[PDB]
Amino acid sequence: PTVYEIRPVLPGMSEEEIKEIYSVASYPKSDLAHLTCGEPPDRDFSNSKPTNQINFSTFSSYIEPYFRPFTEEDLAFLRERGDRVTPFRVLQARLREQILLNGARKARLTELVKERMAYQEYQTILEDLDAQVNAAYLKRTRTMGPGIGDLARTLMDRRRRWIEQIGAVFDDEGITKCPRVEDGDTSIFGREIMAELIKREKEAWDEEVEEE
Amino acid sequence: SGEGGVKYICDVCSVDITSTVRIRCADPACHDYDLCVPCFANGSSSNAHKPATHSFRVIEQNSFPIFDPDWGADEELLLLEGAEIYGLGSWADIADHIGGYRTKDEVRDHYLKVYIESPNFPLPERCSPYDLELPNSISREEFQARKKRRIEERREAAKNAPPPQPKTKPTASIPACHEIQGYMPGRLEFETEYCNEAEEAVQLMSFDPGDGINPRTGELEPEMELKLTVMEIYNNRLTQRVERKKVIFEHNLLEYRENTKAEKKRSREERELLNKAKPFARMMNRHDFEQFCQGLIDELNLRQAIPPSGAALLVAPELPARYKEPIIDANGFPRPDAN
Amino acid sequence: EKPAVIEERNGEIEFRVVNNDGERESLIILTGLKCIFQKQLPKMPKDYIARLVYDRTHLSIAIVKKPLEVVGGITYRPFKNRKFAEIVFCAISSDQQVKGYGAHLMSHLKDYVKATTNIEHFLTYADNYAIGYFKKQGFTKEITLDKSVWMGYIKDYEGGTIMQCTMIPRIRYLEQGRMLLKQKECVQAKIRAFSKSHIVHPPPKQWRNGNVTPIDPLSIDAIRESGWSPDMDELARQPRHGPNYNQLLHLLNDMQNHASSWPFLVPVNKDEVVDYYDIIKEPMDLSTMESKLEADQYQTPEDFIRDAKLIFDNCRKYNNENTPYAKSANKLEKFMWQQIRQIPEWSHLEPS
């Protein structure tokens with residue numbers, strides 16, 4: 001009387017029939033697969049493993065330089081263009097041609113680093129409240145109690161206010177993301193803006209020469 | 001015994017008769033009184049059994065093909081009984097139970113063909129019990145002779161079969177295959193993550209059963225909201241870790257040998273400049289990072305000019321091919337292959 | 001229909017597939033599953049279970065009570081591209097184990113994965129007391145997958161025993177009962193369509209006069225049509241395995257279950273140690289004796305006893321007496337002697 005096989009799913013179907021197909025009476029709405037770093041490369045790993053590894057300390061120290069927090073110390077690396085009098089035929093033209101592009105790129109990087117630093121100064125104060133509210137709960141487990149303490153009641157309100165008010169400023173999605181090549185033309189050096197950066201840098205160079 | 005079956009023993013010779021043709025006494029005086037063919041052949045009677053004036057019944061072993069020319073009724077019934085007991089999918093024990101030296105592969109193929117993948121549906125065979133060609137297509141004597149021959153040959157082969165090789169150590173996956181101890185490229189996960197201690201705050205968390213909403217106020221009770229708030233931080237930590245992994249994947253930061261060799265071949269000033277410029281890599285993509293660096297190195301080499309090094313290549317009698325064309329054209333737009 | 005089925009139909013219980021999205025209910029369900037798994041598997045650190053259960057790639061199928069109470073659940077990570085999924089945990093609260101929910105939950109999981117994706121194979125590392133359950137649920141200890149498909153992808157778990165299962169396509173594992181019962185009914189009807197056992201035959205004509213003499217069964221019409229032969233009658237009484245197969249299987253299961261047999265569960269690798277093979281000319285482990293028994297090479301129980309004694313001797317030879325290896329081997333020898341002494345038949349084979 002009853003169906004003995006499985007009925008294949010179709011797109012855009014009603015929820016109740018979806019449960020009928022699954023028989024499990026619920027299911028997740030979002031697959032959360034979009035947060036996956038990427039599908040496994042689908043290779044053959046049975047090849048013999050290398051017999052000489054490198055210690056995690058070495059690898060961690062090797063990648064640490066690539067993630068240190070931004071500081072005014074390196075905000076001075078860019079914003080510097082170098083000497084522009086002594087070098088100044090073919091090579092001189094090449095150098096005059098390249099300095100301007102270098103300056104334009106550095107100017108764009110400066111334009112980004114400021115918002116990055118603002119977000120950093122935000123996160124360094126959010127993390128403190130996160131840690132305090134987290135630690136004010138471990139004591140409850142330790143003593144196993146009783147009503148919630150006033151400190152634990154008032155830290156949550158402070159955290160929620162801080163988030164919902166301040167974090168609205170940093171709503172833009174690009175404050176935490178690294179553009180990817182696979183997406184396409186994601187380069188932050190679009191000609192449509194590099195042209196104007198080049199012109200501005202040339203104007204600044206001319207002004208400096210006039211002063212000098 | 002773990003088996004749920006029933007063992008049948010003759011009432012005279014105490015010989016197992018379950019898997020053999022047998023004869024039973026049909027008189028009401030004898031109840032469940034089973035006499036094997038030998039006992040009924042030699043006529044050894046016991047209790048109230050009278051071989052002289054009592055009618056008997058012949059229990060047949062039902063040996064002939066129904067569905068498969070190589071399989072009979074007993075084999076199919078044993079298969080389905082094993083499915084009921086040993087679970088539908090356990091091929092080793094069910095093959096053992098069916099007997100006849102059918103390896104697990106053979107039983108699996110037979111079942112798939114006959115029932116699952118067939119020109120058939122859960123009503124077996126072509127149309128009905130009225131289709132009786134296969135039983136009268138081969139005589140039972142020929143089929144039984146074939147079974148005896150196959151069984152004897154298989155027994156001789158097994159007796160002469162080579163010893164089975166000892167099982168080697170199980171092939172441990174050891175996902176550490178990458179050339180970074182503790183990296184699982186099959187899973188894209190490290191062993192010691194950014195904040196591996198982040199779970200130290202939620203590994204003892206417990207919830208009050210059946211709770212979640214206040215019976216009176218309709219809002220989460222203070223303990224419930226406090227408990228929920230301490231896991232949003234964990235989710236944020238996980239997302240930070242994921243962004244870390246996404247950044248590290250790009251730019252090929254997993255190739256230690258190549259990057260170190262490239263830095264080693266480089267000179268002092270170029271190394272220092274690249275080291276200074278390292279941090280901003282989080283904000284660019286591979287091609288942009290390469291363009292940025294190569295531009296810096298080109299600028300330094302040209303300043304110096306104004307195996308052999310770039311300064312020694314620019315001052316060569318023949319200029320390199322990439323230096324006979326303005327990097328940025330007349331109308332201010334940089335050439336696409338800037339670096 | 002087992003009590004789980006009726007309870008489900010009446011709404012007493014219910015199942016829910018949940019992953020760590022960030023809702024309210026999902027978090028309760030996941031935390032309860034974590035509590036159960038932490039209770040049942042005390043050996044592993046709580047941190048590792050907490051990380052695995054609350055991950056963003058794994059799924060979970062759990063059974064929940066009407067007042068939002070969780071009894072048990074299973075956790076897995078599907079590899080959609082490799083056509084196989086890994087099972088990483090399984091447990092049910094001991095207090096409520098008597099109901100018999102395990103098979104029902106496994107059927108739910110298999111049906112869901114079958115009807116929502118296109119996986120075929122399940123790979124798991126079973127505990128040392130869940131082997132019976134896994135075997136009854138269709139798994140097997142023999143692996144039929146290539147070394148490229150599942151190497152580097154699943155995670156090793158020390159003290160486990162890898163198993164496999166190959167799902168049979170196009171079936172509704174929740175309705176196995178009725179389908180298999182109807183299949184049995186129709187095969188039985190086909191059988192009854194011929195069986196002449198319903199014919200109550202008269203006394204053999206040789207014995208109708210009151211004299212009982214041997215009668216060749218092939219002479220009779222009914223038996224003759226039955227094709228009975230002496231060969232099959234003698235052959236049908238020979239079991240496939242050896243006569244002591246059940247008893248030796250019981251002993252093997254007990255010894256494997258004993259927590260004193262861990263070092264012999266698997267052989268020693270040649271790569272890790274080189275002198276193990278050079279010193280021992282007859283390296284024997286549990287798997288080797290099991291395979292040789294499956295080959296019927298062991299004609300007599302003395303062979304099995306000698307194999308065990310030689311395994312213990314090799315363990316003592318390669319590993320010093322002071323080291324725990326030899327002491328544990330001697331303790332396990334004592335345990336096996338206890339088991340044998342519980343058997344009267346083999347009690348007399350102990351040397352003085």
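Residues numbered from 1 in each chain as written, not as in the entry; some residues may be left out. Chains lettered and ligands numbered in written order. Heavy atoms only, no water.

In terms of determination method and resolution, the entry is listed under cryo-EM at 4.4 Å.

## Remarks on unusual backbone geometry
One non-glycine residue, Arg79 of chain A, lies in positive phi territory at about 80°. Assignment of secondary structure puts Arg79 of chain A in the loop between α3 (72–75) and α4 (90–143). Even without being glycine, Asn252 of chain B reaches a positive phi, approximately 55°. The partly exposed category is assigned to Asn252 of chain B, whose relative accessible area is 34%. (Helix = DSSP H or I, 4+ residues; strand = E, 2+ residues; numbered from the N terminus. Buried < 20%, exposed > 50% of the residue type's maximum accessible area, 1.4 Å probe, protein only.)

## A look at the sheet that holds strand β2 (residues 59–65) of chain C
All names here are of chain C. Read across the open sheet, the six strands follow the order β1-β2-β3-β4-β5-β6; overall the sheet is mixed. In this open sheet, the two strands that pair with only one neighbour each are β1 (13–17) and β6 (161–166). Across the sheet, the mean angle separating the axes of adjacent strands is 25° when strand polarity is ignored. Of the pairings in the sheet, the one linking β2 to strand β3 (residues 70–79) comprises six bridges and is antiparallel in character. Considered in β3, the bridge of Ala62 is made with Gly73. Here helix α4 (residues 102–116) sits on the sheet in contact with β1, β2, β3, β4 (84–92), β5 (121–126) and β6, set at roughly 35° to β3. (Pairing = 2+ DSSP bridges. Axes fitted to C-alpha atoms, helices over the stretch in contact; angles between N-to-C directions. Contact = heavy atoms within 4.5 Å.)

## Quick word on the pairing of β1 of chain C
All names here are of chain C. The two faces of β1 differ: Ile13, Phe15 and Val17 on one face are buried, but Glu14 and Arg16 on the other face are not. Looking at chain direction, β1 and β2 are connected through five bridges and run antiparallel. Bridge pairing in β2 links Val17 to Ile61.

## Some thoughts on the domain arrangement of chain B
Structurally, chain B comprises domain 1 (1–61), domain 2 (73–160), domain 3 (189–250) and domain 4 (255–323). Put simply, the middle of domain 1 of chain B and the middle of domain 2 of chain B, counted by C-alpha atoms, are 27 Å apart. (Domains from an automatic or database assignment.)

## Topic: the domain arrangement of chain C
As far as domains go, chain C holds domain 1 (3–175), domain 2 (195–238) and domain 3 (245–349). Put simply, the middle of domain 1 of chain C and the middle of domain 2 of chain C, counted by C-alpha atoms, are 55 Å apart.

## Digging into the interface of chain A and chain B
Each partner contributes to the interface: chain A provides 70 residues, whereas chain B provides 78 residues. Both faces considered, chain A and chain B share a buried interface measuring about 7,500 Å² in area, 67% of it formed by carbon and sulfur atoms. Area buried by chain A at its contact with chain B is led by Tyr66, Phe67 and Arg94 of chain A, which between them contribute 10% of it. Among the salt bridges present, the one from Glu232 of chain B reaches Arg160 of chain A, with a minimum N-O distance of 3.4 Å. Counting across the interface, chain A meets chain B through 13 residue pairs in polar contact. (Buried area = accessible area lost by both parts, 1.4 Å probe. Salt bridge = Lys/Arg side-chain N within 4 Å of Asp/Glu carboxyl O. Polar contact = N/O pair within 3.5 Å; in protein donor to acceptor, adjacent residues only side chain to side chain.)

## Some points on the pairing of strand β3 (residues 56–59) of chain B
Side chains of β3 of chain B alternate between two faces, with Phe56 and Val58 of chain B buried and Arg57 and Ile59 of chain B left unburied. As paired strands, strand β1 (residues 22–25) of chain B and β3 of chain B are joined by four bridges and run antiparallel to one another. Directly across from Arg22 of chain B, in β3 of chain B, lies its bridge partner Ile59 of chain B. Relative to strand β7 (residues 200–201) of chain C, β3 of chain B runs antiparallel, the two being bridged by two bridges. Looking at the pairing, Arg57 of chain B lines up with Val200 of chain C of β7 of chain C.

## Details of the packing of aromatic side chains
Residues and elements named next belong to chain C. Scanning the model with the defined rule gives 31 aromatic pairs over all chains in all. Where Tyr276 meets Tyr318, the ring centres are 4.8 Å apart and the plane angle is 80°; that geometry is what we call edge-to-face. Linking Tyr276 in helix α10 (residues 275–279) with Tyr318 in helix α12 (residues 301–318), this pair joins segments that are 42 residues apart in sequence. Assessed through its relative accessible area of 24%, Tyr318 is described here as partly exposed. (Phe/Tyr/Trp six-rings, centres within 6.5 Å; stacked < 30°, edge-to-face > 60°.)

## A look at the UniProt feature "domain: Bromo" (unreviewed entry) in chain C
Listed under "domain: Bromo" (unreviewed entry) in the UniProt record, and renumbered for this structure, are residues 256–326 of chain C. End C-alpha atoms of residues 256–326 of chain C are separated by 18 Å, and the span's content is 52% helix alongside 0% strand. (UniProt positions renumbered as here; feature names shortened; annotations may be inferred.)

## A short note on the nonpolar core
With 55 residues, the main nonpolar core has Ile87, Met106, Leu109, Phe122, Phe139 and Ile168 of chain C as its most contacted residues. The leading source of residues in this core is helix α4 (residues 104–116) of chain B, at six residues. The next biggest cluster of nonpolar side chains, apart from the first, holds 48 residues, and it includes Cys177 and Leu238 of chain B together with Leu68 and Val88 of chain C. (Core = buried A, V, L, I, M, F, W, Y, C linked by side-chain atoms within 4.5 Å.)

## Remarks on the interface of chain C and chain B
Contact residues are listed per partner, giving 91 residues for chain C and 102 residues for chain B. Across the chain C to chain B interface the summed buried area is about 8,500 Å²; carbon plus sulfur atoms make up 61%. Where chain C meets chain B, there are nine salt bridges. Two residues, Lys135 of chain C and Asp93 of chain B, come together in a salt bridge whose shortest N-O distance is 3.7 Å.

## Description of the environment of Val113 of chain C
Residues and elements named next belong to chain C. Residue placement: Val113 occurs in helix α4. Under the relative-accessibility criterion, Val113 is labelled buried at 5%. Remark: the alpha-carbon pair of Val113 and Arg306, spanning 193 residues in sequence, is separated by 48 Å. The contacts of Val113, once residues within four sequence positions are left out, are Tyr76, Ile119 and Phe122.

## Observations concerning helix α6 (residues 140–160) of chain B
In a regular helix each residue adds 1.5 Å, so 21 residues correspond to 30 Å; α6 of chain B covers 30 Å between its end C-alpha atoms and thus fits that length. Those residues of α6 of chain B that sit buried are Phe143, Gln144, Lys147 and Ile151 of chain B. When α6 of chain B is viewed along its axis, its buried side chains cluster within an angular range of 95° and face the same direction. Along α6 of chain B, the residues that are exposed and aim more than 90 degrees away from the buried face are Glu141, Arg146, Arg149, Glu156 and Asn160 of chain B. Of the surrounding secondary structure, the elements contacted by the buried residues of α6 of chain B are α2 (73–86) of chain B together with α8 (230–235) of chain C. (Expected span 1.5 Å × (residues − 1). Arc of directions from axis to C-beta.)

## Overview of the sheet that holds strand β2 (residues 34–36) of chain B
Taken in spatial order, the four strands of this open sheet run β2(B)-β1(B)-β3(B)-β7(C), and their pairing is antiparallel. Strands with a single pairing partner mark the edges of an open sheet, and in this sheet they are β2 of chain B together with β7 of chain C. Note: β1 of chain B against β2 of chain B, three bridges, orientation antiparallel. When the sheet's bridge partners are listed, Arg22 of chain B is paired in β2 of chain B with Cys36 of chain B.

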